[PDB]
Amino acid sequence: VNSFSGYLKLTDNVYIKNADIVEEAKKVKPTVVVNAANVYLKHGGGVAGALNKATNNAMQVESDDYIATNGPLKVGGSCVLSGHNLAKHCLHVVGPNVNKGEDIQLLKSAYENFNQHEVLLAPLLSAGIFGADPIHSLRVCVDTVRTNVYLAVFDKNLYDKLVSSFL
Ligand SMILES: Cn1nc(O)c2c1CN(C(=O)c1cc(O)cc(=O)o1)CC2
C-alpha cells in the first residue's frame with residue numbers, strides 16, 4: 001500500500017491522474033519524482049520549469065554543479081539528484097525533443113530509466129513542450145516500465161483523451 005490517491009489504474013503497474021505534478025509531489029513526498037529534463041539540466045519551462053520554481057531554484061543550482069562536474073546527459077539518459085522539498089530524489093530523465101529533431105525511438109530508452117526505481121511519480125516523457133504525441137508516450141510507458149509508475153497529467157482535456165483512447 002502507498003499514499004497515492006485518486007488514480008485510475010491502467011495496467012498492473014501503471015496509474016494515471018489529472019494532476020499538477022508539483023502539487024502532487026508536495027502532498028505525497030514520493031521517494032522519486034521524475035523531471036522532464038534536457039541534457040543541460042536547464043529547467044526553464046514545462047514540467048522542469050515548474051518543478052524548479054517550486055524548489056525556489058535550488059534544483060537549478062544543484063543541476064548546474066552536476067553539469068559542471070559531469071557534462072551533459074545523453075538523450076534517453078538520466079541522473080538522480082535531490083528531490084529538495086518535493087521528494088526524496090528527483091530522477092531527471094531526458095526524453096527526445098521532437099522540436100529539436102531528436103529520434104522518437106529514444107523514448108523507450110528514456111522510460112527504461114524508470115525501471116531502476118520501485119515506485120515513481122512522473123509526467124509523460126516527451127509530451128508537452130517536447131513535442132511528442134502524449135498518446136504514443138503513454139503506450140511506450142506501459143510497454144516499457146515494469147515498476148510502479150503514477151503518471152500526473154496537467155491538462156484535463158488531455159487526461160480524458162488519454163484514458164478514453166487507452167487500449
Ligand atoms: C509553474 N507551475 N507551477 C506548477 O505547480 C505547474 C506549473 C506549470 N506547469 C507546467 O509547466 C507543465 C507543463 C506540462 O506539459 C506538464 C506539466 O506537468 O506541467 C504545470 C504545473
Side-chain angles (χ1 to χ4, degrees), residues 2-4 15-104 106-134 137-138 140-141 144-145 147-156 158-159:
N2 66 53
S3 145
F4 286 106
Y15 294 80
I16 195 167
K17 184 187 184 175
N18 174 216
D20 182 347
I21 192 173
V22 170
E23 279 319 299
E24 185 80 3
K26 281 197 290 190
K27 147 182 135 43
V28 175
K29 292 293 236 85
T31 305
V32 180
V33 65
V34 174
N35 182 33
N38 58 53
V39 296
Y40 306 111
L41 302 179
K42 286 173 60 102
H43 309 303
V47 168
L51 291 170
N52 176 58
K53 179 179 179 184
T55 75
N56 181 44
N57 211 51
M59 178 180 285
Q60 190 65 67
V61 170
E62 179 194 30
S63 292
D64 288 351
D65 171 82
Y66 173 91
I67 296 288
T69 298
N70 300 109
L73 296 181
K74 298 170 182 184
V75 180
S78 70
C79 67
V80 180
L81 291 172
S82 179
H84 301 277
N85 53 317
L86 303 180
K88 186 175 196 299
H89 302 107
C90 179
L91 181 70
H92 294 272
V93 180
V94 184
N97 187 328
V98 175
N99 304 318
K100 304 178 175 170
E102 297 166 349
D103 166 25
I104 194 59
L106 289 169
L107 186 54
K108 187 172 185 76
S109 301
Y111 274 116
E112 288 170 342
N113 295 286
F114 289 25
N115 290 321
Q116 300 295 317
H117 302 278
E118 286 189 3
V119 183
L120 315 87
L121 172 61
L124 285 169
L125 298 180
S126 297
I129 67 175
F130 281 62
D133 175 7
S137 183
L138 178 56
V140 178
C141 181
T144 306
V145 181
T147 55
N148 290 145
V149 56
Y150 289 84
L151 295 168
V153 177
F154 180 56
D155 188 65
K156 173 57 161 156
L158 173 61
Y159 171 84

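Throughout, numbering of the chain's residues begins at 1 and tracks the sequence. Any value given below was found using the heavy atoms of this structure, including those in side chains, with hydrogens, waters and symmetry copies removed.
Nearest approach of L125 to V93, heavy atoms of both residues: CD1-CG1, 3.8 Å. Shown here for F130 and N38, the closest heavy-atom pair between the two residues is CZ-N, 4.4 Å. Across all non-hydrogen atoms, the minimal contact from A152 to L121 is CB-CD1, 4.3 Å. Counting all heavy atoms, side chain and backbone alike, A25 lies closest to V33 at CB-CG2, 4.4 Å.
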- Going through the distances and angles, do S63 and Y40 end up as a side chain to side chain donor-acceptor pair (under 3.5 Å)? CA-CA 8 Å; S63 292; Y40 306 111; over 6 Å; no
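Between the side chains of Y15 and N148, no donor N or O sits under 3.5 Å from an acceptor N or O.
Checking side-chain atoms of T31 against main-chain N and O of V119 turns up no donor-acceptor pair under 3.5 Å.
Shown here are the salt bridge (charged side-chain N to carboxylate O under 4.0 Å, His left out) partners of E112, two or more places apart in sequence or in another chain: there are none. Applying the side chain to side chain contact (heavy atoms under 4.5 Å, CB included) test to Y159 and every residue at least two apart in sequence or in another chain returns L8, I16, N18, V153, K156, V163. Residues passing the salt bridge (charged side-chain N to carboxylate O under 4.0 Å, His left out) test with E102, sequence neighbours excluded: none. Under the rule for a salt bridge (charged side-chain N to carboxylate O under 4.0 Å, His left out), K29 has no partner lying at least two apart in sequence or in another chain. Qualifying side chain to side chain contact (heavy atoms under 4.5 Å, CB included) partners for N56, counting only residues two or more places apart in sequence or in other chains: none.
A 4.5 Å side-chain heavy-atom check between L91 and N35 finds every atom pair outside the cut-off.
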Under 3.5 Å, which donor-acceptor pairs do the side chains of residues 72-83 form with other protein atoms, sequence neighbours left out?
| unit_1 | atom_1 | unit_2 | atom_2 | d |
| --- | --- | --- | --- | --- |
| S78 | OG | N113 | OD1 | 2.8 |
| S82 | OG | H84 | N | 2.9 |

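Checked against a 6.0 Å centroid threshold, the rings of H92 and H43 count as neighbours.
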